[PDB]
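Student: A single structure is presented below for examination.
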Amino acid sequence: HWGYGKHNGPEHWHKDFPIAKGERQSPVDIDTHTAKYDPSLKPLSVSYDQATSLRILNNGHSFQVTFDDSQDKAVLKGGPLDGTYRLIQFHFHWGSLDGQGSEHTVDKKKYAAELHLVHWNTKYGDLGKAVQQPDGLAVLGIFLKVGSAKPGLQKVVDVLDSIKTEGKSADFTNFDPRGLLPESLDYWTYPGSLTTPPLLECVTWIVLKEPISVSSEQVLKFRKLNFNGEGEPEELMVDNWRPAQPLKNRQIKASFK
Ligand SMILES: CCN[C@H]1C[C@H](C)S(=O)(=O)c2sc(S(N)(=O)=O)cc21
Ligand SMILES: [Zn+2]
């Protein structure tokens, strides 16, 4: 029932998911001048060379690319984390125009889109168990700005026409998610939540400082997707982002000066 529209969007979510008004909700604005450089923070370790993508899917809220997480193949470690987190899926949030679409903001600046690579802590055995734990997930957030094309995104773009409406999926094997990463792995980090229902407070957020650039043609393809199912009144999948939430009793730490 939940969505991004006037009658089911972020302002309505708390009714079915009261934790929407909790103490560690995401996304947040990253105030670069308030964030503290923490020299104790380790470099991120992104090990994606054995990543095995499975399928790409329109779920009525975003599109996602899913991975085989039945063993340690695509994993995130290091940074603020202890232990190993397996990549399960990635998805995006984007806007109706280039001046909005990101969930996190940087000094109130909104990017055109935001990529989330979702990982779960192997010590909990599966994703369903992990989301019930304060250190269950690590989500790697990457900003998208519009400019030059991102070659590593093109295979994704190429196939969106085949998953236009809710419930559609396609084979999406042999995709290398390394092609979506920026040069630098400098990051901000803070304790937060899923940004969609059920909004569980189970996420260590790792948001990269460096955006990737994607082309206008690439993000236009995102905006042609549909929230609706096939045969239903067409409502473009645009503006599928939750606004910044109160930081409350939290510190955002920077891995860089
Ligand atoms: C459709 C809702 N999906 C939820 C629950 C899934 C179990 S998930 O894969 O853990 C995940 S990751 C994010 S986000 N936007 O914070 O990165 C939202 C969700
Ligand atoms: Zn997300």
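Chains: A, B, ... in order of the structure tokens. Residues: from 1 per chain. Ligands: from 1, in order shown.
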Please, which residues have at least one atom within 8 Å of an atom of ligand 1, using only C-alpha atoms and all ligand atoms, listed as number ranges by chain?
Tutor: A: 26, 59, 61-62, 88-93, 116-120, 127-128, 131, 137, 139, 141, 193-199, 203
Student: Within 9 Å of range 43-50 of chain A, counting only C-alpha atoms, which residues show up once you throw out same-chain ones fewer than 4 positions away? Write them as a ChimeraX atom specification, please.
Tutor: /A:72-81,87,176-178,185-187,255
Student: Between A:154, A:173, A:218, A:226, which one has atoms that come closest to residue 67 in chain A, using only C-alpha atoms?
Tutor: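 Under the stated criterion, the closest residue is A:173.
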Student: Taking 4 positions as the minimum chain separation for residues in the same chain, which residues sit within 10 Å of residue 130 in chain A when counting only C-alpha atoms? Answer as a PyMOL selection string.
Tutor: chain A and resi 119-126+134-137+202-203
Student: Please save N, CA and C atoms of the selected residues as a compact mmCIF listing (two decimals), in the first residue's frame.
Tutor:
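Contents of out12.txt, freshly written:
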```
# COMPACT_ATOMS: atom_id res chain seq x y z
N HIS A 119 24.16 -4.79 1.71
CA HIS A 119 24.92 -5.92 2.23
C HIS A 119 24.43 -6.34 3.61
N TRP A 120 24.43 -7.64 3.90
CA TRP A 120 24.02 -8.09 5.23
C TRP A 120 25.12 -8.87 5.94
N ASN A 121 25.13 -8.74 7.27
CA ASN A 121 26.18 -9.27 8.14
C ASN A 121 26.10 -10.80 8.24
N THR A 122 27.15 -11.49 7.79
CA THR A 122 27.09 -12.95 7.67
C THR A 122 26.92 -13.65 9.01
N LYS A 123 27.22 -12.95 10.09
CA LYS A 123 27.07 -13.58 11.40
C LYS A 123 25.60 -13.80 11.76
N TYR A 124 24.68 -13.22 10.99
CA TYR A 124 23.26 -13.46 11.21
C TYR A 124 22.63 -14.47 10.22
N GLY A 125 23.42 -14.97 9.28
CA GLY A 125 23.01 -16.09 8.45
C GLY A 125 22.12 -15.82 7.24
N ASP A 126 21.18 -14.89 7.38
CA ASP A 126 20.37 -14.51 6.24
C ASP A 126 19.88 -13.09 6.43
N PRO A 134 20.89 -4.33 15.12
CA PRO A 134 21.41 -2.97 14.93
C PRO A 134 22.66 -2.90 14.05
N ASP A 135 23.39 -4.00 13.92
CA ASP A 135 24.53 -4.07 13.01
C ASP A 135 24.32 -5.09 11.89
N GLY A 136 23.08 -5.21 11.44
CA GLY A 136 22.73 -6.25 10.50
C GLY A 136 23.08 -5.97 9.06
N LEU A 137 22.99 -4.69 8.66
CA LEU A 137 23.23 -4.32 7.27
C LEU A 137 24.30 -3.27 7.13
N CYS A 202 18.68 -0.91 11.21
CA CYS A 202 19.61 -2.03 11.17
C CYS A 202 20.83 -1.76 10.29
N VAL A 203 21.02 -0.50 9.90
CA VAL A 203 21.98 -0.16 8.86
C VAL A 203 23.13 0.70 9.35
```
Student: As an NGL selection string, please: every residue in range 69-207 of chain A that DSSP puts in strand (DSSP E or B).
Tutor: :A and (75-78 or 85-94 or 105-106 or 109 or 113-121 or 137-146 or 169-171 or 187-192 or 203-207)
Student: Taking only C-alpha atoms into account, name the residue in A:27, A:152, A:5, A:18 that is nearest to residue 189 in chain A.
Tutor: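 Using only C-alpha atoms, the shortest distance to residue 189 in chain A belongs to A:27.
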Student: From the set A:157, A:207, A:163, A:41, which residue has the shortest atom-to-atom contact distance to ligand 2, counting only C-alpha atoms and all ligand atoms?
Tutor: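 Of all the options, A:207 lies closest to ligand 2.
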Student: Within 9 Å of residue 34 in chain A, counting only C-alpha atoms, which residues show up once you throw out same-chain ones fewer than 4 positions away? Write them as a list in words, please.
Tutor: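 Here the qualifying residues turn out to be residues 30, 251, 252 and 253 of chain A.
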Student: Find the residue from A:230, A:210, A:114, A:217 that sits nearest to ligand 2; use only C-alpha atoms and all ligand atoms when measuring.
Tutor: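 Looking at the shortest contact to ligand 2, the residue is A:114.
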Student: Might you pull out every residue within 9 Å of residue 109 in chain A, with only C-alpha atoms counted and same-chain residues fewer than 2 positions away left off, and present them as JSON, numbers by chain?
Tutor: {"A": [29, 99, 100, 104, 105, 106, 107, 111]}
Student: Measuring atom to atom with only C-alpha atoms and all ligand atoms, identify which of A:35, A:97, A:138, A:54 is nearest to ligand 2.
Tutor: A:138
Student: Per DSSP on the backbone, filter range 48-185 of chain A down to the residues in alpha helix (DSSP H) and report them as a ChimeraX atom specification.
Tutor: /A:127-130,154-159
Student: Enter the distance from CA of residue 184 in chain A to CA of residue 142 in chain A, in Å, rounded to one decimal.
Tutor: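 A separation of 11.0 Å between them.
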Student: Kindly give the distance, in Å, that separates CA of residue 115 in chain A and CA of residue 42 in chain A, rounded to a single decimal.
Tutor: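 CA of residue 42 in chain A lies 22.2 Å from CA of residue 115 in chain A.
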Student: Return the single residue from A:13, A:256, A:94, A:222 that is closest to ligand 2, with distances computed using only C-alpha atoms and all ligand atoms.
Tutor: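 Of A:13, A:256, A:94, A:222, the one nearest ligand 2 is A:94, counting only C-alpha atoms and all ligand atoms.
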